[PDB]
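Asker: experimental structure and its sequence below.
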Amino acid sequence: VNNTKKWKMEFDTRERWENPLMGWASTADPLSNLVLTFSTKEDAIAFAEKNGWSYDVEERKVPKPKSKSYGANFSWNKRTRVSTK
Amino acid sequence: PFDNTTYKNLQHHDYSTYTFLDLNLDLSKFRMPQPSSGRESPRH
């Protein structure tokens, strides 16, 4: 999960087309490889507003905590028994 | 007559293949009613 730790600012993808000579991915978007790293959401929002970039923000999706019980695999009356181990 | 010389366990010369399971089938009537989990299987 070390790549979920920081906020990232990227841009919308523009057209990549085929090079007629080699089949390479030709682009005309200078910002197609620009990915910026930010520690918090508000730093990225401030950097986008400072540069006049219209932005959209997706909230951080942490996984909600689970309830893990090893003995639940071997219950007496619940469906949560494992059929094998 | 005290004897400490003859091996008294000669009954296992007379065991067949189904001896254990026929003893289980005979013991099926002497036993208490089994407990129930409340469902037919863990997949029910």
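Answerer: Right, received. Where do you want to start? Numbers count the residues shown, from 1 in each chain, chains lettered A, B, ... in the order given.
Asker: C-alpha from now on. contacts and neighbour counts both.
Answerer: Fine.
Asker: look at residue B:13 and give its secondary structure.
Answerer: Under DSSP: H, G, I helix; E, B strand; the rest coil, residue B:13 falls in the helix class.
Asker: distance of it from chain A?
Answerer: For residue B:13, the distance to chain A equals 38 Å [CA to the nearest CA, to the nearest Å].
Asker: same deal with residue B:5?
Answerer: 50 Å.
Asker: next up, identify which helix or strand that residue is on.
Answerer: Using DSSP states H and E, residue B:5 sits in no helix or strand.
Asker: identify the residue spatially nearest to the residue in chain A sticking out farthest from the centre, adjacent ones excluded.
Answerer: Within chain A, the residue lying farthest from the chain centre (CA atoms, centre = their mean) is residue A:76, at 41.0 Å. Once flanking residues are discounted, residue A:76 sits nearest to residue B:37: 6.3 Å by CA to CA, 6 or more residues apart in numbering or on different chains.
Asker: neighbours around the one you found, how many?
Answerer: Neighbourhood size, residue B:37 [other CA atoms under 10 Å in any protein chain shown]: 12.
Asker: can you check my assumption that it lies in a helix?
Answerer: No: the assignment for residue B:37, made by three-state DSSP, is coil rather than a helix.
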